[PDB]
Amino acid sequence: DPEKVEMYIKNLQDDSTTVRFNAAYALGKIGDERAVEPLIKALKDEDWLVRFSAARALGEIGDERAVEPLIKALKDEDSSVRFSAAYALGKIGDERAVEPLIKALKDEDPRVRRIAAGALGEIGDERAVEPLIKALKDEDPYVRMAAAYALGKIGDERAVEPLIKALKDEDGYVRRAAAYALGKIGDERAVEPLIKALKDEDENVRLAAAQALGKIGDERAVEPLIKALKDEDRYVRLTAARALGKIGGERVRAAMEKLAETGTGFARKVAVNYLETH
């Protein structure tokens, strides 16, 4: 409805703060390209929510023209606006956002650093790799987590040994994220540190370790995973069982044969069923 877009467009210059940000929101939802340049202008409104909302709306229209102005909004005095700008750019996906996002890895607001790491992950540009490896050292656990998620998604081998060390983190969220990222990268050097992680206090860590070992598909995991079938946590158990099927072969078909014979409980059940299949 062109008549509505235009009205919200003029609404961008209203005197009411509320009318300005509600107009930038609505334009964002309509998603019409004609609003891009007027929204580019709102990125400098005296009021932060208006700016926040202009940046968000541009993330949504997805027009590459918003990129340089959004790169500027990354330096906004207000941390909400910077968050909204980093989110908008990761969503547009334009490689020009890359070095500015890398700079936002050092913002004083820990949310900005976090969504910067995420935006980087979404773009997939290998230049983010070493800076994201720095961020595994961040004072903030969520930032450390975000960085490992972004590294797993990027898939660059250089992330591996820094991710291994993150399996040693004090926070169970980062440990969970490091294991997940290692499973996704699928480098065999993770196989041994993940086997340890199967004995973690946090059951979210054990779950991800097991899953990660299933993806990796290396055979040294079989017996450590047979054991995890006796795990107190139900989800750790089911996942260990999933992981065993993913690593096919006969070595596991032989662990499955003895287990059908000398096994009890869930562990016996997956043995017969696996054998029933293959």
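Start at 1 and count along the sequence shown; that's the residue number.
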Quick one: say whether 142 to 150 or 165 to 173 has the higher mean Cα B-factor in the deposited entry.
-> 165 to 173
Between 201 to 209 and 117 to 125 (mean CA B-factor, as deposited), the higher | 201 to 209
Residue 217: CA B-factor among chain residues, third -> middle
Taking the values exactly as deposited, rank residue 252 by C-alpha B-factor within its chain and report the matching third: lowest, middle or highest.
-> highest
Of the three thirds of the chain ranked by Cα temperature factor, residue 225 occupies the highest
Comparing residue 56 with the other modelled residues of its chain, is its CA B-factor in the lowest, middle or highest third?
-> lowest
Tell me, lowest, middle or highest third: where does the Cα B factor of residue 72 rank within its chain?
-> middle
